[PDB]
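Scroll down for the structure; my scribbles are underneath it.
Every residue, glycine among them, receives a Cβ derived from its backbone with ideal geometry; neighbour counts consider all protein chains shown. Read-outs throughout are calculated quantities, based only on the coordinates presented, and are distinct from any laboratory measurement.
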Amino acid sequence: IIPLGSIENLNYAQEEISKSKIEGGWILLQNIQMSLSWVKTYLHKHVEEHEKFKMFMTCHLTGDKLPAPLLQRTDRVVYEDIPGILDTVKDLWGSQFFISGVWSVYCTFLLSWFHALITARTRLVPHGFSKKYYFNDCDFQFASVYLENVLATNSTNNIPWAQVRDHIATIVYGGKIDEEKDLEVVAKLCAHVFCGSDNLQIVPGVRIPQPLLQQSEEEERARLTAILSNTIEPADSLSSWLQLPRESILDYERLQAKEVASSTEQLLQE
Amino acid sequence: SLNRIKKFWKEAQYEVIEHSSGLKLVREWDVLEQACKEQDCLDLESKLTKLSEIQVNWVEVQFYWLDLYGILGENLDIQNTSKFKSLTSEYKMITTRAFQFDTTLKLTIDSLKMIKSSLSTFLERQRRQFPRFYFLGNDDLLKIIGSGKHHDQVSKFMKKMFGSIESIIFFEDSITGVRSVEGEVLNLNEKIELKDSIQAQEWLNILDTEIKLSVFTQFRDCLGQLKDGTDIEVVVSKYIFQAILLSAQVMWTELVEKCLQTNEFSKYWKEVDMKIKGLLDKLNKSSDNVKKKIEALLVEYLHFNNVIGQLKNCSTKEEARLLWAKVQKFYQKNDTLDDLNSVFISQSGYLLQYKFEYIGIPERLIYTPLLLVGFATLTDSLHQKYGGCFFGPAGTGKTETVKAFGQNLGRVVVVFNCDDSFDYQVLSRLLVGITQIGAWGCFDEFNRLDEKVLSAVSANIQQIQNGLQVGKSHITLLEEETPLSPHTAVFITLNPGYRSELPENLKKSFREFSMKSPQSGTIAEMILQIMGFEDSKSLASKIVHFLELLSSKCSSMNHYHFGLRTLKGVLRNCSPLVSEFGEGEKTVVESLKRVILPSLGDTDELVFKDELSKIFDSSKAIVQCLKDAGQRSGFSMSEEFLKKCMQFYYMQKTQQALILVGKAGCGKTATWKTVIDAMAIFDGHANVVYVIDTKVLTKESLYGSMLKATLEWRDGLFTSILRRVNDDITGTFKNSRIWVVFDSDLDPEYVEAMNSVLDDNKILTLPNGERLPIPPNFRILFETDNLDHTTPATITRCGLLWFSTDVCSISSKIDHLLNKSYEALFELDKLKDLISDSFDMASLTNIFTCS
Ligand SMILES: Nc1ncnc2c1ncn2[C@@H]1O[C@H](COP(=O)(O)OP(=O)(O)OP(=O)(O)O)[C@@H](O)[C@H]1O
Ligand SMILES: Nc1ncnc2c1ncn2[C@@H]1O[C@H](COP(=O)(O)OP(=O)(O)O)[C@@H](O)[C@H]1O
């Protein structure tokens, strides 16, 4: 793995591809779109014969226009992942490690679930939101740092849930929102998730109890992983895990059918 | 061919075109290079290479010797021993060469390049011993070093060097203070003794260091006075505005915490109500600078009163904590003995340190909740060593919000209001300067950049943010190991889709935000409150609702603008009319009729009048003077023409950049001519009118062109008028009005150079570098036909007047032309009478409508 970017990143990429052209290797240039001018000069000068030389690209469909001749002297593949809310919760849980007691890790756990719910709602363009938003892990990092900084000041039992909820909905997760309805639905989801009641019900299946006043962090992490493994994913996850009506997902699927069938019927004319 | 080439090579000569001794120049380079371009063949190739090197010699020696004969050969403290001997050696050698050698001219290239590198690296010694020098260009900074004993050339360049200081006061060649934008003086804690043998770095460092310690000490003693119970009215006129603001904020924060540990607010609310009422009473009789001071203090105290009143109506303690944590708080450090960071600000549980940089006395943005949310998101981004961002519709308060944040935290944000005119060099220089100083560099309209400059500046800002995040002192930038103070930051503002979003690399390290709708209700309410009106809230709601319905129910014209900038202009223009019309609804109605009415059509005007009668309730000397002036000129006063003349007079009374639009034969030239004549008769000032057509004159003739080969500058007609009116040899322009008109269309290419004039800078931008001011007596006027090819930026920065229909009837035209022809010329009386009775309108209108 080797990201592009600054001049040091470009030199590292050049050295790594030189090493793989000398003796071999498997190289993935992650997010190569961010250095488009350097790509347009360097990759053109490179491609337009050592054995066991493999390297890959990483572009974005909704990004800058790649050079046409570069796309014709390679093999283009695309990949869509599963929208597994459980799977992305597991991935984000394993990406992090944990620091202030057990309230901090409980808040990070709740934040990971909130981020997964928002990212799951992102894909449904006509009902979940009003446009194609692009959330990522940097927003999660800022939210986690804000939560840690709040919990570092007032370590008492009366956690200001309203303040962190408003800061998440307006400033953290509401920065990229331009209109009002998306802000309203993000505020509603913040109220549902960050309530911090006696027993939280993010989905009708599993419930997350709050930590008590004597738990150590290791066995609390064990308990939260155990309540993570006990969850099940029902067949109606795309409408029951995100609080969406059944008629809404029916509308989404009939619009999908309408657009694919209209595309086919336009194909059959010529 | 070979004989001609040999003759041209052996016919080397020069011409005497330079000034004084100078250097004998040579011209017609293309023919010589074409003539220049196997032993004889390689000799000819070497001769062609020598000819190209001679062309390079001539170009570089012109470019160097212009500045050399300007400053280098007549000044010594810029080269202050090694530079002395190098300069005199190159001077004598190249003077001998010009008086009368391929290796000699190659060594001349080497010596000139070494001298250029030496002077540039001397400039970098200036910019490392004092990095505020790095805002300036090479020639300007050379002039700064050369004026080391005059001690008065830094006053005019002081605004460019720092950003908020206009002039320096003096006392027997010892510094006492500096002057702000609005005449406010910044006195020092102690004067500095200006020794005879000093260089700019040392006394400028003690100058800004004493500025920092001076505002520190003034804030300390103002805090002591406020803790002693001293009232604000006596301390407003005593100390500098910055110290007063910091002391007031610190006292308010400490007292509101001491009253927030319990649950009560009525005592401090009544105290601040009495304080603001007394402050307004003191405002109502003070002078101009004191009026601005009390204006800013009353803005901040209105913010304090708003925060306290919001906190009072909280139902629970947690609601109070939520609402208080989101408000920008000011704290103090009474433990650290250092005098640089005893004060810091906090917003939503974060920590940023104050800078002790003077802001002057600027206008303060009205504290609206949207501005507080913007401050919160910027301090959230700056807590994590990231950069803030802004994107949304145009004219929604982004650059002003950034400047407000810079003024609160106490640093002059260097606004890079960029367009197509700027190149890479100035942006890179100002970015590295912002890096080294620790002053925030904001970008305005980042989408306006061209593709390659946008990509490269994106790379530069990405590198500087990466260096900020990892916290390394040295970051590779502009092919140099530029140090980075850990207090610098970068800002950005966008308007996408009009181009693009942020690039992906910048999207990785930035936080987006949108402020599409400014809260105009609270801004208008508090601007009416500071303006002194009896009913601020009702008038503010009425004017905002009226403007909204006007924007909804008018024609979709490109020249219309009813956002927030126009409302701010309305409220900043009310007060001179308030001073004679009093305070009330009538004066704001008259202001609306004075600045928004003339830009409408006819159906738009009837809609405007109907709505003004709906929501709102509703000078003879100038009129009589105008009537007499027109009667002398031979015109006739129709009601529409007299009305439009009246709006034009009342519109030029305040603004100084008026444009006129209308069809052919509408009567705009007559309108401004008779208004100028009335002005000359009434005010007693002489009036002179200059007529320019901006299309038949090219840009190289309107402004002038630099010679790419002759190295000479020609003043254009507009520029020649500016120099001959600025010099004022005859002294007439002191007591006379100047009026230049632009009787042509509006070419965008011909107004991009005018953009400096149409802004409030009142300066001329030129490829040369010399700047001459625009006097308030200078009045630019326009005479156009249509607004199809004009940007919506220029229609807002300057006033617009619309001519809906013909100013006069037909018989007025017959009478005026009859009088003009008679002026060109008992028989006359009867001939005029028979001409008049032959001109029967009863049949004339019939034949005109039948023709
Ligand atoms: N009160 C009046 N009585 C008679 N003629 C008038 C009167 N006011 C204006 N005019 C006529 O207006 C003419 C000038 O009008 P206008 O301002 O449109 O001229 P212009 O500079 O040529 O305009 P444009 O360039 O837009 O065609 C004069 O020649 C004059 O005959
Ligand atoms: N307190 C305030 N809040 C919001 N906007 C304000 C405030 N005070 C003044 N303004 C207006 O906001 C405008 C700033 O617009 P700006 O963001 O610079 O637009 P653009 O970015 O398109 O140039 C100013 O012209 C000013 O009239």
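Contact map, the stretch B:664-690: first residue over 16 Å from B:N777 (Cα atoms), second residue among the small types (G, A, S) and not in a helix (DSSP H, G or I), Cβ cut-off under 8 Å, separation 6 or more or different chains; pairs are B:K668/B:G662. The set of residues in the stretch B:317-362 being hydroxyl-bearing (S, T, Y), under 20 Å from B:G374 (Cα atoms) and in a loop (DSSP other than H, G, I, E, B) consists of B:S348, B:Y350, B:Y354. Cβ separations smaller than 7 Å between residues 6+ apart or across chains give the following pairs from the stretch A:66-93 residues that are under 14 Å from A:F114 (Cα atoms) to residues that are β-branched (V, I, T) and not in a loop (DSSP other than H, G, I, E, B): A:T88/A:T119.
State yes or no: is A:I249 surrounded by 13 or more Cβ atoms within 10 Å (Cβ to Cβ), in contact with a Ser or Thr (Cβ under 7 Å, 6 or more places away or on another chain) and not in a loop (DSSP other than H, G, I, E, B)? Taking the combined requirement at face value, the residue satisfies it. The test for being outside any loop (DSSP other than H, G, I, E, B) and either more than 16 Å from ligand 2 (Cβ to nearest atom) or surrounded by fewer than 20 Cβ atoms within 10 Å (Cβ to Cβ) (or both) does not hold for B:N408.
Give the stretch B:214-231 a look and list any residue that's of a type in the set (D, E) and assigned to a loop (DSSP other than H, G, I, E, B), or say none.
Within the stretch B:214-231, the subset of a type in the set (D, E) is B:221, B:228, B:231.
B:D228, B:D231 - these are the residues of the stretch B:214-231 that are of a type in the set (D, E) and assigned to a loop (DSSP other than H, G, I, E, B).
Note on the stretch A:107-141: residues that are part of a helix (DSSP H, G or I) and aromatic (F, W, Y) total 4.
Given the residues B:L468, B:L430, which is the only one that is assigned to a helix (DSSP H, G or I), over 30 Å from B:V589 (Cα atoms) and more than 14 Å from chain A (Cβ to nearest Cβ)?
B:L430
Remark: pairs (first residue in the stretch B:823-844, on the phi < 0 side of the Ramachandran plot; second residue part of a helix (DSSP H, G or I); Cβ separation under 6 Å; 6+ apart in sequence or on different chains) = B:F839/B:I814; B:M841/B:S811.
Looking only at the stretch A:52-74, residues that are of a type in the set (K, R) and within 14 Å of chain B (Cβ to nearest Cβ) come to 1 in all.
When residues of the stretch B:784-827 are filtered for being within 21 Å of B:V691 (Cα to Cα), within 16 Å of ligand 2 (Cβ to nearest atom) and hydrophobic (A, V, I, L, M, F, W, C), how many remain? Result for the stretch B:784-827: 1.
In summary, A:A152 fulfils each of the numbered conditions (1) within 14 Å of chain B (Cβ to nearest Cβ); (2) surrounded by 15 or more Cβ atoms within 10 Å (Cβ to Cβ); (3) over 22 Å from B:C389 (Cβ atoms) with the single exception of condition (2). Of all residues in the stretch B:756-773, one or more are closer than 28 Å to B:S556 by Cβ and within 20 Å of the chain's Cα centre (by Cα). Just one of (1) closer than 20 Å to A:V186 by Cβ; (2) crowded, with 16+ Cβ neighbours inside 10 Å; (3) not β-branched (V, I, T) trips up A:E220, so point out which. So A:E220 meets the others, but not (1). Residue check: B:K292 meets all listed conditions (1) within 16 Å of ligand 2 (Cβ to nearest atom); (2) part of a loop (DSSP other than H, G, I, E, B); (3) basic (K, R) but one, namely (2). Could you please let me know if B:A489 is more than 11 Å from chain A (Cβ to nearest Cβ), under 30 Å from B:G799 (Cα atoms), of a type outside the set (S, T, Y) and in contact with a helix residue (DSSP H, G or I) (Cβ under 7 Å, 6 or more places away or on another chain)? No, not satisfied. Here B:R511 passes the criteria (1) crowded, with 19+ Cβ neighbours inside 10 Å; (2) within 14 Å of chain A (Cβ to nearest Cβ); (3) under 27 Å from the mean Cα position of the chain (by Cα) except the one numbered (3).
If the condition is being closer than 20 Å to B:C798 by Cα and either within 16 Å of ligand 2 (Cβ to nearest atom) or in a loop (DSSP other than H, G, I, E, B) (or both), then the stretch B:660-681 contributes only B:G662.
Take B:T698 and tell me if it is polar (S, T, N, Q), away from ligand 1 (no atom under 16 Å from the Cβ) and within 20 Å of B:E783 (Cβ to Cβ).
Numbers: polar (S, T, N, Q): yes; away from ligand 1 (no atom under 16 Å from the Cβ): yes; within 20 Å of B:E783 (Cβ to Cβ): yes.
Yes: the conditions hold for B:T698.
Output the residues belonging to the stretch B:223-243 that are among the small types (G, A, S) and at negative phi. If the condition is that a residue be among the small types (G, A, S) and at negative phi, then B:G224, B:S237, B:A243 are the ones that fit. State which residue pairs qualify: first residue farther than 22 Å from B:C798 by Cα and inside the stretch B:570-581, second residue part of a helix (DSSP H, G or I) in any location, beta carbons under 7 Å apart, and separation of 6 or more residues or different chains. Close Cβ pairs (under 7 Å, with a partner that is part of a helix (DSSP H, G or I)) amount to B:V578/B:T587; B:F581/B:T587; B:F581/B:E590. Which residues, counting only those in the stretch A:155-203, are of a type in the set (V, I, T), in a loop (DSSP other than H, G, I, E, B) and within 13 Å of another protein chain (Cβ to nearest Cβ)? Result: A:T156, A:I159, A:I177.
Selection of the stretch B:614-656 for residues being of a type in the set (S, T, N, Q) and within 36 Å of the chain's Cα centre (by Cα) yields B:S619, B:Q647, B:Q652, B:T654, B:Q655, B:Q656.
Residue-by-condition table, conditions (1) over 29 Å from B:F562 (Cβ atoms); (2) more than 16 Å from ligand 1 (Cβ to nearest atom); (3) away from chain A (no Cβ under 14 Å):
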{"residue": "B:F375", "(1), (2), (3)": "no, yes, no"}
{"residue": "B:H383", "(1), (2), (3)": "yes, yes, no"}
{"residue": "B:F405", "(1), (2), (3)": "no, yes, yes"}
{"residue": "B:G441", "(1), (2), (3)": "yes, yes, yes"}
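Inside the stretch B:709-727, can you point out the residues that are closer than 24 Å to B:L658 by Cα and not β-branched (V, I, T)? Show your work before the answer.
Applying the first criterion (closer than 24 Å to B:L658 by Cα) to the stretch B:709-727 yields B:716-726.
Matches in the stretch B:709-727: B:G716, B:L717, B:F718, B:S720, B:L722, B:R723, B:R724, B:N726.
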